[PDB]
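To start, the structure under review is shown below, and the notes come after it.
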Amino acid sequence: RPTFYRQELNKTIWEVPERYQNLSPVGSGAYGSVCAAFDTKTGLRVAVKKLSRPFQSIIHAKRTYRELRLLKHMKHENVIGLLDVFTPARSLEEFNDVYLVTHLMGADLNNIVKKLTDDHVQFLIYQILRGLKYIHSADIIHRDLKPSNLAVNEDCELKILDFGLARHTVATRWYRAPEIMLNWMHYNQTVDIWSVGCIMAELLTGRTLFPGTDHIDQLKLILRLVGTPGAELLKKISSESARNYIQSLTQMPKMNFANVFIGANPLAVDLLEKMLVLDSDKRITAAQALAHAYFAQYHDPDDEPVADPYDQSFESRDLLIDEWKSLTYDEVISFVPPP
Ligand SMILES: O=C(Nc1cc(Nc2ccc3c(c2)OCc2ccc(OCCN4CCOCC4)cc2C3=O)ccc1F)c1ccccc1
Ligand SMILES: CCCCCCCCO[C@@H]1O[C@H](CO)[C@@H](O)[C@H](O)[C@H]1O
Ligand SMILES: CCCCCCCCO[C@@H]1O[C@H](CO)[C@@H](O)[C@H](O)[C@H]1O
């Protein structure tokens with residue numbers, strides 16, 4: 001067991017092993033805060049996330065376990081990976097803090113918002129899709145893919161995060177598939193493809209594709225581009241609510257993408273058409289997307305791995321805070337560094 005040292009940073013205390021030196025806030029947002037640090041053991045710059053109030057409620061407790069489980073499972077170059085997980089706690093009894101350690105990338109994608117070259121886009125989107133392929137094959141939907149959940153280093157290497165930064169040391173709806181806002185019962189994986197579509201579009205135009213002021217506005221903007229649902233899509237809408245609002249709207253046609261994405265690489269345009277289909281069953285999957293001609297210079301089908309099966313059974317479990325806590329504690333304890 002390493003030696004820990006305390007340190008007040010933000011308004012919070014960081015009790016980290018000395019192994020990690022020179023902590024400095026990158027900022028924070030939803031569910032914790034992150035410090036850049038130096039890993040004296042690997043010589044590598046790392047990001048250290050301290051979970052905020054990891055066991056506040058059953059919900060936080062479960063969210064903390066879910067993140068630890070997710071992270072411990074993600075073993076892919078385009079997906080945030082766990083270098084280390086530790087807690088000051090010597091025992092389950094005093095376990096109330098969780099620090100997750102990952103590679104410091106140094107930037108996220110709204111950090112290039114203030115138009116990329118087609119080659120940069122191409123490379124970034126490839127990497128997103130490559131990470132998504134992997135994520136999706138573990139039966140995991142990200143559901144919140146947006147620029148801030150995409151960490152990029154100086155080499156333009158990208159890892160998908162689920163904890164984006166909000167405070168650095170301005171809207172989530174802009175990337176969400178339309179179904180997520182019609183509050184659909186069950187989302188499929190290609191909700192994430194839609195967000196990629198939005199992300200790609202934004203990288204090529206330097207403009208937020210659907211900068212909806214709200215969920216109604218958002219949906220209005222989406223339909224403006226992709227046109228109202230055809231009766232084939234309508235057929236699949238159980239929500240009499242949704243179905244009502246939908247077929248009452250302006251019957252917009254699908255725009256010509258080649259015209260909206262003027263002078264974009266027509267390969268990119270074609271991928272965007274594939275990604276930004278309202279009907280999620282008809283959206284290109286991340287795997288299919290990796291094959292698309294747009295990524296010919298990056299696509300390698302023998303190096304686009306899928307994940308080991310991810311045991312998501314816990315998600316349906318309703319447990320006591322101390323059970324989530326103790327399950328998280330077991331996860332912290334069972335953790336084995338990458339080689
Ligand atoms: O990804 C999940 N959990 C999870 C997320 C993170 N999140 C990270 C990590 C890294 C980074 C980051 C967010 O934000 C983007 C960013 C922005 C700026 C920056 O450096 C800018 C400041 N520099 C410092 C050095 O150079 C001079 C100034 C670095 C980074 C960065 O590198 C960290 C650990 C986790 F554990 C998850 C997964 C599943 C479920 C729930 C959450
Ligand atoms: C490492 C990158 C993978 C991204 C984490 C995917 C999270 C998938 O897990 C999901 O999280 C949702 C919100 O996060 C919850 O509402 C869902 O119940 C849960 O299934
Ligand atoms: C104007 C609102 C139109 C939005 C239509 C969203 C349709 C997304 O696609 C739908 O996803 C469902 C699961 O999420 C699937 O079960 C359906 O097969 C698929 O049609």
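Whatever order the structure lists ligands and atoms in, that order sets their numbers, starting from 1. Throughout, numbering of the chain's residues begins at 1 and tracks the sequence.
The side chain of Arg45, and not its backbone, has at least one atom closer than 4.0 Å to an atom of ligand 1 (non-hydrogen atoms only; side chain from C-beta on). The proximity of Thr102 to ligand 1, defined as any non-hydrogen pair under 4.0 Å, is limited to the side chain. Contact annotation: for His186 versus ligand 3, heavy atoms closer than 4.0 Å belong to the backbone alone. When non-hydrogen atoms are compared, ligand 3 lies under 4.0 Å from the side chain of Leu233 (C-beta onward) but not from its backbone. In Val48, neither the side chain nor the backbone holds a heavy atom less than 4.0 Å from any atom of ligand 1.
Those atoms of ligand 2 with a heavy atom of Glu315 less than 4.0 angstrom away are 19 (C), 20 (O). For ligand 2, the atoms closer than 4.0 angstrom to any heavy atom of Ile140 are 6 (C), 8 (C).
Comparing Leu82, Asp192, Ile135, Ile80 by heavy-atom distance to atom 3 (C) of ligand 2, the nearest is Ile135. Proximity annotation for atom 1 (C) of ligand 3: of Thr190, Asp279, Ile246, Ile246 comes nearest, heavy atoms only.
Residue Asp144 places no heavy atom under 4.0 Å from ligand 2.
Considering both main-chain and side-chain atoms, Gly106 comes within under 3.5 Å of ligand 1 through a nitrogen or oxygen pair. Any N or O atom pair closer than 3.5 Å counts here, and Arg283 shares no such pair with ligand 3.
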